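Basis: the model, the stated rules and, where named, an outside source; no laboratory instrument gave them. Backbone-built Cβ (ideal geometry, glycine too); neighbour counts: all protein chains shown.
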Amino acid sequence: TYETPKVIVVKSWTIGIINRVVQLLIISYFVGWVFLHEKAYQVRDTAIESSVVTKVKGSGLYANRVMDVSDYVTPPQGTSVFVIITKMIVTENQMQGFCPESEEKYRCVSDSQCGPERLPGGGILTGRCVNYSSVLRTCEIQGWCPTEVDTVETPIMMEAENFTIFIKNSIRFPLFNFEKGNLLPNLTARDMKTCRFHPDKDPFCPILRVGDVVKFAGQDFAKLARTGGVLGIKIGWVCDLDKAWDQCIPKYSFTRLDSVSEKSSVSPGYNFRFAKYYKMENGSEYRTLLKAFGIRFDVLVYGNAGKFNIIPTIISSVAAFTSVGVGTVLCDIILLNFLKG
Amino acid sequence: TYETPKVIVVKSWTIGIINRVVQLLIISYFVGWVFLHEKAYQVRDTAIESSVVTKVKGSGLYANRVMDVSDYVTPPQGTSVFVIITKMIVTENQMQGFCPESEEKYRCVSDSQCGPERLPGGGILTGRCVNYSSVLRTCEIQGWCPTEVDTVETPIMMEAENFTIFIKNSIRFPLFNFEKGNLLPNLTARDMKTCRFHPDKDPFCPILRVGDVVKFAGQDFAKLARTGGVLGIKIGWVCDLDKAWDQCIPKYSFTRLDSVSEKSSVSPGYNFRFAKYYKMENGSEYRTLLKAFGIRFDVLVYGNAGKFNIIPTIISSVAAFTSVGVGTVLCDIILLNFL
Amino acid sequence: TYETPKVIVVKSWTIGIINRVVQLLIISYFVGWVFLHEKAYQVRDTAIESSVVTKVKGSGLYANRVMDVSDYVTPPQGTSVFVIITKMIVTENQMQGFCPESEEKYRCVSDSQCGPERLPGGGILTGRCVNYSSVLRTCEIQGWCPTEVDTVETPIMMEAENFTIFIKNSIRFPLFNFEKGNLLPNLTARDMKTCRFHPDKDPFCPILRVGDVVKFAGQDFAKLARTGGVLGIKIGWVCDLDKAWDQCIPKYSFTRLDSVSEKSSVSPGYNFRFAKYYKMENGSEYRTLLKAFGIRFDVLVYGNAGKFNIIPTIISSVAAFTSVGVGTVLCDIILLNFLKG
Ligand SMILES: C[C@@H](Nc1cc(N2CCN(C(N)=O)CC2)nc2nc(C3CC3)nn12)c1ccc2ccccc2c1
Ligand SMILES: C[C@@H](Nc1cc(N2CCN(C(N)=O)CC2)nc2nc(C3CC3)nn12)c1ccc2ccccc2c1
Ligand SMILES: C[C@@H](Nc1cc(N2CCN(C(N)=O)CC2)nc2nc(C3CC3)nn12)c1ccc2ccccc2c1
Ligand SMILES: Nc1ncnc2c1ncn2[C@@H]1O[C@H](COP(=O)(O)OP(=O)(O)OP(=O)(O)O)[C@@H](O)[C@H]1O
Ligand SMILES: Nc1ncnc2c1ncn2[C@@H]1O[C@H](COP(=O)(O)OP(=O)(O)OP(=O)(O)O)[C@@H](O)[C@H]1O
Ligand SMILES: Nc1ncnc2c1ncn2[C@@H]1O[C@H](COP(=O)(O)OP(=O)(O)OP(=O)(O)O)[C@@H](O)[C@H]1O
Ligand SMILES: *[C@@H]1O[C@H](CO)[C@@H](O)[C@H](O)[C@H]1NC(C)=O
Ligand SMILES: *[C@@H]1O[C@H](CO)[C@@H](O)[C@H](O)[C@H]1NC(C)=O
Ligand SMILES: *[C@@H]1O[C@H](CO)[C@@H](O)[C@H](O)[C@H]1NC(C)=O
Ligand SMILES: *[C@@H]1O[C@H](CO)[C@@H](O)[C@H](O)[C@H]1NC(C)=O
Ligand SMILES: *[C@@H]1O[C@H](CO)[C@@H](O)[C@H](O)[C@H]1NC(C)=O
Ligand SMILES: *[C@@H]1O[C@H](CO)[C@@H](O)[C@H](O)[C@H]1NC(C)=O
Ligand SMILES: *[C@@H]1O[C@H](CO)[C@@H](O)[C@H](O)[C@H]1NC(C)=O
Ligand SMILES: *[C@@H]1O[C@H](CO)[C@@H](O)[C@H](O)[C@H]1NC(C)=O
Ligand SMILES: *[C@@H]1O[C@H](CO)[C@@H](O)[C@H](O)[C@H]1NC(C)=O
Ligand SMILES: [Mg+2]
Ligand SMILES: [Mg+2]
Ligand SMILES: [Mg+2]
């Protein structure tokens, strides 16, 4: 039971050429694009297990003091997100009590203006108008006193341009049981004493200089250090597991993540507050309040791998034979009207 | 050499109508579902690069003291996960030494009951029984003394309902080099001074009120503040790049994430311990231990975008043409067997 | 206006059995692989919403002191990632001033050797050279003094083997509106009082012991606690929503994540520094510096679910009928060449 349809042959006369040309065009597309370029003959994996450990080094001088890594890096646990502080405003010896507010927003002349109103922001309002200075009068509050003044101008820590960052990374593709890290076996204890990362002269040393990371992202240090920002470091593992074990290597990229802040005029940077707590010999308690500007780094990891396997080869190859057989038959029917016309 | 197979024509309009109806049905399905609704003529992109910066404001009174953002928020770095503390239990001036244990599950009547048997809790057992009070007798430990009492009832900080959260977000689609943030160009300082988020009256102000978030999640503040919980805030960027640049818009949603806690009866909330360390003029050291209940927020960002292209259009058009031809040929034999 | 092709039937004994066998094989492949093993008749969902809360308990002796959870666990907010400290090196009462260095990499003979040219990350090199001991001479710096000594040997805290970890997890599949947690409805306080996890004797108690986790990962505590490392805990929710509600359960797995460290000789572990700040009755400020080695745990959640629907069923059935119809038509042309040959 063949059950094969009948077919009639036609002398070419510039029609048989069209038969072979199209029959050869489609067989080109599968070999050229589906197999050789898109690599449809192998199984892909995109779920990657990763791990990042970081460490920073360097010292600087700021406000008649020396600051080391325990002073300007928060949080200290060496994770993949951390901040480097480049500018601070400091208020010393705050205690609980009553004091006048310092900002221009809280101006009053008599006791009536500020009571239960003006509720957004500000501590608890007592309900009196007092003299902040000779020419200014503001409403009294209850809280930590004295209040801070953040309108003055302070210098930045210029030495932070030379600090170094050390990144240690490990990956694993669970489907193929493949493991590698970014510390290559060619790295010796003597090399790490002097190497620095450079994208073409030394693409594998894990030590990055802070001033260069800002440079590769197209920014300016003297301006980013004064308002703060967020920078990203990306590591990519795109590997073909047929070739060899030592052809799998990482690639680094750099960019700036908080792109809205450059063009905005209502919120241009990045800052936060924190405090340190003390206690006297008596029970009294006081603290120190700091407002900090800085640059936030974070490391992002991605990748995928492929390896030859028999099952996707058969499935895609069968579709190739089906496509040419079906493709011609439909091309025959459309050519019947073309030949009839 | 076209080599077209022979074709037989059935003059019956009774079958011609069915042939035409089926062909129109198939072409209708392709032109309506694959193209217009599913938008198969454009290239998708789902890998989004994001960034979140937050800040909190407000003051309240608790235990005859005024507390502010450096007191009730932890960790202080302004990331996308943070906690607001609404209730505390405080133990003052702990030092190292020997003391009895306060809990009733450590009851004893002689030196023999508690030895190396029960390992955890407090510190290291010493092997003696001592009077905790006039009616209770637990057995002694070594560690920070005195131990904390956990069963008393403390009030919550009611003013935490009015605190405000400010969220700043930025995205980028690397395939199309598209960048936008949730601070629209219409925003000004005067608007910043008074706006508040509302899903229909003001859907774009970045300032959120805590009570409103708890309300939108469908919860009750007087219970969430007493047991603790986890709430989620979601921002979605689903926009089409063929239209104008000023119609890619964020959408906000709210929900509660630790849904098992309210059902369960063995662990109903969220709490933790932390301490503060001091030192005397002499070398001696002491500390203050705190157990804190609170609400945890975290911001989640997702999205995808598409843009018209040529290659998917060509592929889908060729698929439609070949499906028309193949669908006809099989239906030809189908009616050939039927009739 | 209907159309049909013409069919030729040849009742060859071999051809009939061949085409029936091939058609049966195609039907078998569709009914066995596509609809049964692969479950093509249902809709998938892989976006999962999760939440994790942890808590640790235990006490131990270390350097004539008793330590508890507020001392050995950082950070303290009970999130997915945390560290347990097993070894420390402590420097007491550091203050600002001038002092000589301690590391052997800073030796002198005369003042001219170490100046601005040698940048070692030292806070500053005042430019002199001073006696450190009776047989060593390094050159002076400015910063927190005295500097720390890093090469001595310290014991590890062995009681950390018996600490316990409590994990509370909640998931939700938004598509099907499905919610469940890892605290099963038949868990009581009395069971909570004494249960421990065991992969076959008790697979649902959420209390894990640290030594058991280290063993399941395939490691050795006596040296993991001495160098440091990173371990992973995985929870997987893979369940079918056609069955009963109480058949969706979690599965636990354990592994080590920083696999590059054990095979390397330039960076074998995981450590970091942090500090505690004090100040006297005067303004004088001093601190205590600690270098910590530990084990970092982190919890990873994943899963997917499926549920019966009608649209994928219709699509797959139509595809199966078309492939059967196309398969017969295509093969017979191919079989004609076999029949002709
Ligand atoms: C191969 C390409 N798309 C295509 C399909 C096609 N057909 C479908 C099969 N078929 C049948 N089952 O009878 C014959 C008709 N004909 C075509 N002709 C062309 C030439 C550019 C003009 N591309 N192309 C593809 C599809 C589906 C694929 C699915 C997974 C991975 C790769 C694919 C890759
Ligand atoms: C179009 C729809 N699935 C379908 C396929 C089909 N065939 C395969 C192609 N083909 C050939 N290559 O000869 C003819 C036979 N015939 C059909 N008939 C129907 C009507 C509902 C009843 N849906 N449908 C699809 C598939 C694959 C798709 C792949 C990517 C994106 C969208 C797709 C969308
Ligand atoms: C079924 C299998 N792949 C296959 C396709 C095929 N085509 C279909 C279109 N078609 C048409 N439109 O005429 C006839 C030609 N023919 C085939 N023959 C074989 C032989 C067993 C090796 N596998 N196989 C598949 C495809 C597409 C699928 C899409 C989604 C999920 C599962 C799929 C699973
Ligand atoms: N949680 C909040 N509630 C109300 N207003 C806020 C909040 N956070 C920020 N703002 C307002 O948004 C504007 C931009 O904030 P920005 O990040 O620039 O703070 P800043 O101006 O650097 O310092 P400050 O905290 O004193 O405003 C500020 O004018 C501030 O008043
Ligand atoms: N790591 C752990 N090891 C052993 N038991 C634990 C652990 N964590 C919690 N539990 C027990 O689980 C129960 C539920 O704890 P929950 O999260 O409600 O904290 P809690 O009731 O405040 O416990 P505690 O008062 O001990 O902090 C408690 O009875 C506690 O004893
Ligand atoms: N940011 C950095 N800049 C320069 N060198 C670094 C940096 N981080 C680490 N190293 C060097 O890498 C080597 C391996 O680091 P690792 O942290 O494992 O050693 P370590 O014993 O902690 O060193 P150290 O005691 O100096 O911190 C060390 O010799 C260290 O000097
Ligand atoms: C950092 O090092 C450079 C030399 O590489 C030096 O010129 C510069 O002064 C240093 N940075 C600062 C701001 O001191
Ligand atoms: C080590 O191998 C890498 C990758 O092949 C190579 O780029 C590098 O130069 C090698 N290093 C040495 C010192 O041979
Ligand atoms: C405690 O003593 C300090 C001086 O050491 C004094 O300033 C303070 O007012 C006293 N506090 C109280 C509550 O008496
Ligand atoms: C918050 O402000 C409202 C007025 O807007 C006030 O009525 C309310 O009492 C405040 N919250 C609390 C709990 O005090
Ligand atoms: C700013 O632009 C958005 C559209 O991007 C618009 O919906 C909004 O109303 C504008 N702002 C105001 C305050 O009108
Ligand atoms: C140190 O002095 C304090 C009083 O200031 C005293 O209580 C303590 O016992 C002394 N230290 C020790 C270890 O005895
Ligand atoms: C933990 O408890 C076991 C008994 O269950 C005990 O033998 C062991 O010594 C304890 N751990 C350590 C290292 O002390
Ligand atoms: C609780 O139910 C599970 C099945 O959901 C069962 O395996 C387990 O044995 C039950 N608990 C006990 C203590 O038997
Ligand atoms: C305060 O006293 C300490 C000693 O306790 C001394 O070192 C310091 O110089 C004094 N500070 C002032 C400002 O006199
Ligand atoms: Mg300000
Ligand atoms: Mg308790
Ligand atoms: Mg060292």
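Data table
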{"read-out": "Matching residues in the stretch A:278-307 - criterion: being farther than 28 Å from B:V52 by Cβ and either within 16 Å of ligand 3 (Cβ to nearest atom) or in contact with a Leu (Cβ under 6 Å, 6 or more places away or on another chain) (or both)", "value": "A:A305, A:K307"}
{"read-out": "Of the criteria (1) part of a strand (DSSP E or B); (2) more than 30 Å from B:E161 (Cα to Cα); (3) out of contact with any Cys (no Cβ under 7 Å at 6 or more places or on another chain), which one B:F254 fails", "value": "(2)"}
{"read-out": "B:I156 within 14 Å of chain A (Cβ to nearest Cβ) and more than 16 Å from ligand 7 (Cβ to nearest atom)", "value": "no"}
{"read-out": "Residue in the stretch B:202-217 that is farther than 30 Å from A:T255 by Cβ, away from ligand 18 (no atom under 16 Å from the Cβ) and among the basic types (K, R) present", "value": "yes"}
{"read-out": "Criterion (surrounded by 15 or more Cβ atoms within 10 Å (Cβ to Cβ), of a type outside the set (D, E, K, R), away from chain A (no Cβ under 12 Å) and more than 16 Å from ligand 2 (Cβ to nearest atom)) met by exactly one of C:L208, C:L290", "value": "C:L208"}
{"read-out": "Matching entry among A:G16, A:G78, A:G60 (being touching an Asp or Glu at 6+ places or on another chain (Cβ under 6 Å) and either within 8 Å of another protein chain (Cβ to nearest Cβ) or crowded, with 18+ Cβ neighbours inside 10 Å (or both))", "value": "A:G60"}
{"read-out": "Every residue from the stretch B:270-282 that is more than 9 Å from chain C (Cβ to nearest Cβ) and either within 16 Å of ligand 11 (Cβ to nearest atom) or not in a strand (DSSP E or B) (or both)", "value": "B:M280, B:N282"}
{"read-out": "Lone unmet requirement of (1) surrounded by 14 or more Cβ atoms within 10 Å (Cβ to Cβ); (2) at the interface with another protein chain (Cβ under 9 Å from one of its Cβ atoms); (3) in contact (Cβ under 8 Å) with a residue 60 or more places away in the chain for C:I89", "value": "(2)"}
{"read-out": "Condition met for C:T54 (of a type outside the set (A, V, I, L, M, F, W, C), without any contact (Cβ under 8 Å) to a residue 60 or more places away in the chain and away from ligand 17 (no atom under 16 Å from the Cβ))", "value": "no"}
{"read-out": "Cross-chain or 6+ apart pairs with Cβ under 7 Å, the stretch B:23-41 first and within 12 Å of chain C (Cβ to nearest Cβ) and over 19 Å from B:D242 (Cβ atoms), then more than 10 Å from ligand 2 (Cβ to nearest atom) and of a type in the set (S, T, N, Q)", "value": "B:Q23/B:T328"}
{"read-out": "Cβ-Cβ under 8 Å pairs, at least 6 apart or on other chains, the stretch A:243-265 side away from chain B (no Cβ under 14 Å) and closer than 30 Å to A:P185 by Cβ, far side within 16 Å of ligand 5 (Cβ to nearest atom) and not polar (S, T, N, Q)", "value": "none"}
{"read-out": "Strands (runs of 3 or more DSSP E) wholly inside the stretch A:130-209 that include at least 3 residues being in the same structural domain as A:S253 (by TED's automatic domain parsing) and touching a residue at least 60 places away in the same chain (Cβ under 8 Å)", "value": "A:164-173"}
{"read-out": "Number of positions in the stretch C:275-292 that are within 16 Å of ligand 12 (Cβ to nearest atom) and touching a strand residue (DSSP E or B) at 6+ places or on another chain (Cβ under 8 Å)", "value": "2"}
{"read-out": "Residue list for the stretch B:175-193, filter: facing chain A (nearest Cβ under 7 Å) and either within 16 Å of ligand 10 (Cβ to nearest atom) or surrounded by 15 or more Cβ atoms within 10 Å (Cβ to Cβ) (or both)", "value": "B:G181, B:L183, B:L187, B:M192"}
